[PDB]
Structures are given as structure tokens and as C-alpha cells.
Amino acid sequence: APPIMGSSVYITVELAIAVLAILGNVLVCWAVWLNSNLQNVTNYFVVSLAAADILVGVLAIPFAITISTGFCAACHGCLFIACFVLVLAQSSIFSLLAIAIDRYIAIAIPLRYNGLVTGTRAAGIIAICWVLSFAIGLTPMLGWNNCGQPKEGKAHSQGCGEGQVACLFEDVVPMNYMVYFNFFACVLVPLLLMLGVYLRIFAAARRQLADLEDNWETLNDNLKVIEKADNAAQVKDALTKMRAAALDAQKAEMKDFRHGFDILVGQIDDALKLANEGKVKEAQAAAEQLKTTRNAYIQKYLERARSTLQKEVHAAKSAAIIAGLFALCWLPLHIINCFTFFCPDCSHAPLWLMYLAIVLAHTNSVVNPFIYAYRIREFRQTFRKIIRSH
Ligand SMILES: CC(C)CCC[C@@H](C)[C@H]1CC[C@H]2[C@@H]3CC=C4C[C@@H](O)CC[C@]4(C)[C@H]3CC[C@]12C
Ligand SMILES: CC(C)CCC[C@@H](C)[C@H]1CC[C@H]2[C@@H]3CC=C4C[C@@H](O)CC[C@]4(C)[C@H]3CC[C@]12C
Ligand SMILES: CC(C)CCC[C@@H](C)[C@H]1CC[C@H]2[C@@H]3CC=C4C[C@@H](O)CC[C@]4(C)[C@H]3CC[C@]12C
Ligand SMILES: CCCCCCCC/C=C\CCCCCCCC(=O)O
Ligand SMILES: CCCCCCCC/C=C\CCCCCCCC(=O)O
Ligand SMILES: CCCCCCCC/C=C\CCCCCCCC(=O)O
Ligand SMILES: CCCCCCCC/C=C\CCCCCCCC(=O)O
Ligand SMILES: CCCCCCCC/C=C\CCCCCCCC(=O)O
Ligand SMILES: CCCCCCCC/C=C\CCCCCCCC(=O)O
Ligand SMILES: Nc1nc(-c2ccco2)c2cc(Br)ccc2n1
């Protein structure tokens with residue numbers, strides 16, 4: 001059948017993806033520009049990620065449509081339009097890894113986050129990652145290419161000139177670069193690292209929620225121990241444990257919360273002094289006053305601390321879904337290259353499956369805007385206001 005028909009479907013789908021990639025991600029940038037609650041270090045990597053997706057529609061997809069024709073071109077000029085999508089993919093990987101590392105620092109050392117992770121440092125990391133993305137993505141133009149061994153028979157059949165070749169991705173880009181350098185080293189290793197970071201994020205959230213529920217249980221259990229205690233020494237032991245737990249909890253409205261721990265520790269010292277003197281019932285009476293402090297202040301510190309950890313877990317899930325959808329969208333194309341490279345006895349995957357795998361990789365530049373909308377209320381509400389006014 002005529003090649004213009006099957007290519008028309010591929011081209012039409014590519015252009016539809018480009019439109020959606022530009023529209024959705026332009027909205028992400030316009031949301032972060034306007035709303036100050038979205039202006040933070042995390043979302044500066046989101047903007048860098050959205051910028052890469054905008055460039056996929058404006059340049060990469062036009063490039064991909066061009067290299068599918070096999071048009072005559074200078075080999076090094078063909079390399080650039082073939083490799084530019086590798087630059088944008090590498091930029092996305094750096095932004096996805098930075099987002100993960102940003103969320104691990106947030107939950108692992110929240111007290112040192114704002115001093116450690118600032119906006120100026122984020123902007124410099126973003127600039128460095130783009131320079132490295134060009135270096136990694138355009139490595140074939142530094143000599144690791146097939147321009148030295150051009151397919152002259154195919155170039156003659158298409159009437160290409162001297163120094164020109166039929167511009168096709170797999171004719172100019174070497175497969176050992178695509179499998180070993182690009183996929184294994186620059187894509188797969190970073191993605192595995194992301195997995196480990198998110199594993200350490202969810203493990204750190206689980207341990208911190210459990211510790212909160214341990215401290216809360218220790219206070220209530222030791223209160224019951226004091227109630228049913230028979231001697232002052234038993235009261236002393238329970239209060240000594242309770243004081244350490246409260247001071248550890250204090251380490252982890254805010255003024256009204258620290259005033260609650262001031263009352264709690266002080267109240268424990270009141271009962272502890274009576275216990276050391278030997279006055280049991282007075283110590284037990286003083287220990288029951290802790291319950292009023294528990295209800296008014298401590299239970300509020302628990303429920304707010306627990307809510308904050310859950311909002312960090314939910315945010316880390318949203319970020320992990322984005323990174324996971326990147327892998328799902330790009331892995332088919334990379335897996336096909338492994339078959340081409342490692343199994344020379346296998347038949348090359350058919351042209352229609354190549355186009356489908358290429359289209360799937362480009363579709364990843366459309367999905368992030370939808371994930372933010374469904375999973376992040378601040379982005380969702382800013383999208384409504386932008387769309388309504390305009
Ligand atoms: C600022 C941005 C938007 C401008 C982008 C310019 C792009 C379109 C330019 C920069 C380099 C150019 C390529 C450089 C060399 C060649 C070899 C020639 O035999 C065919 C055209 C081709 C393949 C060019 C296509 C267009 C190209 C990719
Ligand atoms: C990434 C997740 C979703 C799974 C991806 C699975 C895809 C990429 C795998 C599953 C089965 C694979 C195919 C199995 C058999 C062949 C026949 C061989 O002669 C060419 C490659 C080809 C056509 C493989 C291409 C890649 C393939 C389609
Ligand atoms: C953690 C996961 C996603 C990493 C990616 C798995 C990749 C590297 C694996 C999964 C299936 C594998 C392929 C399965 C079958 C064949 C056919 C064989 O004749 C050559 C190796 C080759 C082509 C393998 C290459 C590597 C491969 C593509
Ligand atoms: C083929 C050439 C490849 C390079 C394409 C780049 C063209 C320029 C397009 C977008 C650059 C965006 C710069 C954004 C400035 C920083 C945003 C900000 O912090 O305010
Ligand atoms: C902001 C929008 C940017 C502009 C995008 C322009 C869309 C270009 C679409 C397809 C480019 C195809 C170029 C021609 C392919 C080579 C044909 C040939 O010479 O054999
Ligand atoms: C042969 C290629 C070798 C690499 C050379 C470098 C090419 C240019 C690379 C990146 C351009 C700079 C983009 C920086 C954007 C950062 C925006 C910001 O946050 O301030
Ligand atoms: C594949 C290409 C790799 C080439 C090696 C890259 C070298 C650059 C590495 C790290 C750059 C770090 C930024 C240093 C600037 C000063 C930072 C600061 O002021 O604290
Ligand atoms: C983090 C995972 C990435 C590292 C995976 C390491 C796997 C080692 C890679 C290759 C091992 C042997 C390759 C076999 C040689 C055949 C090459 C060929 O067919 O041309
Ligand atoms: C999420 C839905 C999952 C289904 C996706 C459907 C897309 C097609 C998937 C695999 C197609 C495999 C085609 C095998 C080509 C074999 C070529 C040959 O004859 O040797
Ligand atoms: N074999 C092959 N791999 C790729 C590719 C890029 C990243 C991973 O794989 C590719 C990309 C475009 Br865009 C067009 C054709 C392609 N062909």
C-alpha cells in the first residue's frame with residue numbers, strides 16, 4: 001500500500017499529541033506564574049519538566065515527523081533532529097529525580113529543609129541539568145554515530161547528494177549508544193534510583209506515623225499505670241518515662257502547641273516531685289490533671305501532625321505516579337531497541353509498532369497536566385480560574 005496513507009495516520013496522531021502537550025503544559029506554567037502558593041522549589045522542577053514537554057510539541061514531534069520521511073540531509077544535521085528528543089527525555093529524568101530527592105529531604109529532615117533547599121539553588125541545579133541533558137542527548141554528534149559508514153545505496157536510490165544520507169533514526173544513531181549509554185546508564189539507572197528514593201520516603205512516613213502513635217499510647221498507658229499504682233516508686237517510674245516521651249514529642253497555633261507541652265512537662269514535674277517525697281495520692285491526683293492538657297493541647301498536636309504526614313504521603317504518591325508514567329510510556333521503545341540490538345536473528349519490529357511506540361513516548365508529554373488536576377487541589381483550582389477568565 002502507499003506509504004503516504006500509513007504515514008498520514010502517524011502524522012495526524014503526532015500533531016494531535018503536540019497540540020495537547022503544548023496546551024496542557026502551558027497551563028501548568030501559567031498556574032505557577034500566577035499563584036504564589038504554587039511557587040516553591042518542588043514546582044520549579046515541575047515547571048522545568050513542563051518546559052521540556054512544551055518543547056516536545058513545538059520541536060521534537062515536528063522533528064519526528066521529519067525523520068519518518070527519510071528525506072535526504074547532511075548526516076550531522078540529521079543527527080540533531082534525531083537526538084533532540086533524547087535531550088528532552090534526559091531533562092525530564094533529572095527533573096523527576098530532583099522532585100523525588102526534594103520530597104525525601106522534606107520528610108526526612110523537615111527542620112533543615114527551608115535552609116537547605118532554596119530557590120536560588122534550585123535554579124542553578126535546573127540550569128546544570130539542562131546543560132548535562134544536551135551533553136548526554138547529543139553525544140552522538142561528538143563522534144558516536146554512523147556518519148562514517150553511510151548507506152550509499154539507499155542514498156542513491158533517493159537521489160541524495162554527496163555528503164547526504166536518507167535521514168532515518170536507526171541509520172544515523174548507533175544501537176549500542178541507545179541500549180548501553182542512553183537506556184541502561186542514562187535512563188534505567190536514574191529510574192531505579194528514583195524507585196529507591198520513593199521507597200525511603202514511604203518508609204520514613206510510615207515510621208514517623210507509627211512513632212507518633214507509640215508516644216500517644218505510652219502517655220495513656222503510663223497514666224493508667226499511675227492510677228492503679230500502689231507505691232510512690234511505681235508512680236515515679238511511670239512519670240520518668242512520660243517526661244522523656246513528651247520532651248521527644250516536643251522535639252518533633254504553633255505557639256499554642258508548645259505552650260501545651262510546657263504545661264505537660266511542668267505538670268509531670270509537679271507529680272514527680274510529690275512521688276520522690278513519698279506522697280502517693282497527691283502524685284496520683286496531680287497526674288490526673290494531665291488528662292485536661294492531653295485533651296486540649298496534645299490531641300490537637302497529634303491530629304495535625306498526622307494530617308501533615310498524610311499530605312506528604314499523598315503528594316509523594318502523585319509525584320511517584322508521574323515518574324512511573326514516564327517509565328511506562330518510554331519503556332516499550334527502549335525494549336524494542338534491546339530486541340533489535342541483542343537479537344540479530346529476530347525480525348525487526350514492524351513499522352506500525354515502531355510508530356505506536358514512538359507515539360506512546362510522546363503521549364507522556366500530555367499526561368502530567370491531568371495528574372496535577374486530579375491529585376493536587378491547588379493546581380485544579382488555578383486551572384479553573386485561568387480557563388474561566390480566558
Ligand atoms: C529557536 C528554534 C525554534 C529554532 C530551531 C531551528 C531548527 C529547526 C534547525 C536548527 C538546525 C537545523 C538542521 C541543521 C542541518 C540540517 C541538514 C540539512 O541537510 C537538512 C536540514 C537540517 C536537518 C536542519 C533542519 C532545521 C534545524 C533542526
Ligand atoms: C513496558 C511494558 C508495558 C511492557 C512492554 C512490552 C512490549 C514492549 C514487548 C512485549 C512483547 C515484545 C515483542 C515480542 C516479540 C517480538 C518479535 C521480534 O521479532 C521483534 C520484537 C517483538 C515485536 C517484541 C517487541 C517488544 C514487545 C512488544
Ligand atoms: C526493570 C525492567 C523494566 C528493566 C528493562 C528490562 C529489559 C532490559 C529486558 C526485559 C526483556 C529483555 C529481553 C527479552 C528477550 C530478549 C531476546 C534475546 O534473544 C536477546 C535479549 C532480549 C532482547 C532481552 C533484552 C533485555 C530485555 C529487553
Ligand atoms: C533546536 C533548538 C533547541 C533549543 C530550543 C530552545 C528555544 C527557546 C525556548 C524556550 C526557552 C525558555 C526559557 C525560559 C526562561 C526561564 C523562565 C523563568 O525563570 O522566568
Ligand atoms: C508553535 C508551533 C511550531 C511550528 C510547528 C510546525 C509544524 C511542522 C509539521 C511538520 C514538519 C514536516 C517537515 C517536512 C518533512 C520533510 C518532507 C520532505 O522534504 O521529504
Ligand atoms: C554539543 C552539546 C554540548 C552541550 C552544550 C550546551 C548546550 C546548551 C545547553 C543548555 C542551554 C541552557 C539552558 C538553561 C535553562 C535553565 C533555566 C533556568 O532555570 O535559569
Ligand atoms: C557527560 C558530561 C559530563 C561532564 C562532567 C560535568 C562536569 C560538571 C559537574 C558538576 C557541576 C557542578 C556545578 C559547579 C558550579 C559551582 C556550584 C556552586 O557554586 O556551589
Ligand atoms: C542498572 C541496569 C543496567 C545495567 C545492566 C548490565 C547488563 C550487562 C549488559 C550486557 C552484558 C553482555 C552483553 C552481550 C553482548 C552482545 C552485544 C551484541 O549483541 O552486539
Ligand atoms: C493497554 C493495552 C495493551 C494492548 C496494547 C496493544 C498494542 C500492541 C501490543 C503488542 C503488539 C505486538 C506485535 C508483535 C509484532 C510481531 C512481528 C512479527 O510478525 O514478527
Ligand atoms: N529505534 C528508535 N528509537 C527511538 C528512541 C528514542 C528514545 C528511545 O528510543 C526513536 C525515537 C524517535 Br523520535 C524516532 C525513531 C526512533 N527509533
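Starting from 1, each residue takes its place in the sequence as its number. We count ligands from 1, going down the list as the structure has it; atoms in each ligand are counted the same way.
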Taking both backbone and side-chain atoms of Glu170, is any N or O found less than 3.5 Å from an N or O belonging to ligand 10?
-> yes
Looking only at protein heavy atoms, identify the closest one to atom 17 (C) of ligand 9 and say how far it is in Å.
-> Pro350 CD, 3.9 Å
Atom 8 (C) of ligand 7: any protein heavy atom closer than 4.0 Å | no
May I ask you to identify the nearest protein heavy atom to atom 11 (C) of ligand 9, giving residue, atom name and distance to one decimal place in Å?
-> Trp352 CH2, 3.9 Å
Can you tell me the protein heavy atom closest to atom 20 (O) of ligand 9 and the distance?
-> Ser347 CB, 4.8 Å
Do any nitrogen or oxygen atoms of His334 lie less than 3.5 angstrom from nitrogen or oxygen atoms of ligand 10?
-> no
Show the numbers, then the answer: is there a side-chain contact (heavy atoms from CB on, under 4.5 Å) between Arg294 and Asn220?
-> CA-CA 9 Å; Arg294 183 191 59 185; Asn220 301 341; 3.3 Å; yes
Should the proximity of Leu86 to ligand 10, defined as any heavy atom under 4.0 Å, be assigned to the side chain, the backbone, both, or neither?
-> side chain
Minimum-distance protein heavy atom relative to atom 5 (C) of ligand 10 | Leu333 CD2, 3.4 Å
Is it true that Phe183 lies under 4.0 Å from ligand 10, counting heavy atoms only?
-> no
Go through the side-chain N and O atoms of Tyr113 and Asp102 and say whether any donor and acceptor fall under 3.5 Å apart.
-> yes
Taking only heavy atoms of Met178 into account, list the atoms of ligand 10 that are under 4.0 Å away from them.
-> 5 (C), 6 (C), 7 (C), 8 (C), 9 (O)
At a non-hydrogen distance cut-off of under 4.0 Å, which region of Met175 contacts ligand 10 (side chain, backbone, both, or neither)?
-> side chain
In the protein, which heavy atom is nearest to atom 14 (C) of ligand 10, and how far is it?
-> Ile358 CD1, 3.7 Å
Determine, for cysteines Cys75 and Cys78, whether their SG atoms are under 2.5 angstrom apart.
-> no
Return the residue, atom name and 0.1 Å-rounded distance of the protein heavy atom closest to atom 17 (N) of ligand 10.
-> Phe169 CD2, 3.4 Å
Taking atom types as modelled, is there a side-chain donor on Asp262 or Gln250 under 3.5 Å from an acceptor on the other?
-> yes
Is there a donor-acceptor contact under 3.5 Å linking the side chains of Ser307 and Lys311?
-> yes
Salt bridge between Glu277 and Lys236, side-chain N to carboxylate O under 4.0 Å?
-> no
Would you call the rings of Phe134 and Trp130 parallel, tilted or perpendicular, where under 30° means parallel and over 60° means perpendicular?
-> tilted
Output yes when a side-chain donor or acceptor of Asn145 lies under 3.5 Å from a complementary backbone atom of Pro140, and no otherwise.
-> yes
Atom pair CD (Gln149) and CG (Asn146), whose distance is rounded to the nearest 0.5 Å | 6.0 Å
Residue, atom and distance of the protein heavy atom nearest atom 3 (N) of ligand 10 read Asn337 ND2, 3.3 Å
Of all the non-hydrogen atoms in the protein, which one sits nearest to atom 4 (C) of ligand 7, and at what distance?
-> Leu132 CD2, 4.6 Å
among protein heavy atoms, the one nearest atom 14 (C) of ligand 9 is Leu353 CD2, 4.6 Å
Heavy-atom neighbours of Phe184 CZ exceed 12 at 6.0 Å = yes
Look at the aromatic rings of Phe183 and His334 and report parallel, tilted or perpendicular, splitting at 30° and 60°.
-> parallel
What part of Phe63, side chain, backbone, both or neither, has a heavy atom within less than 4.0 angstrom of ligand 10?
-> neither
Check each atom of ligand 7 against the heavy atoms of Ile128 and keep those under 4.0 Å away; list them by number with element.
-> 13 (C)
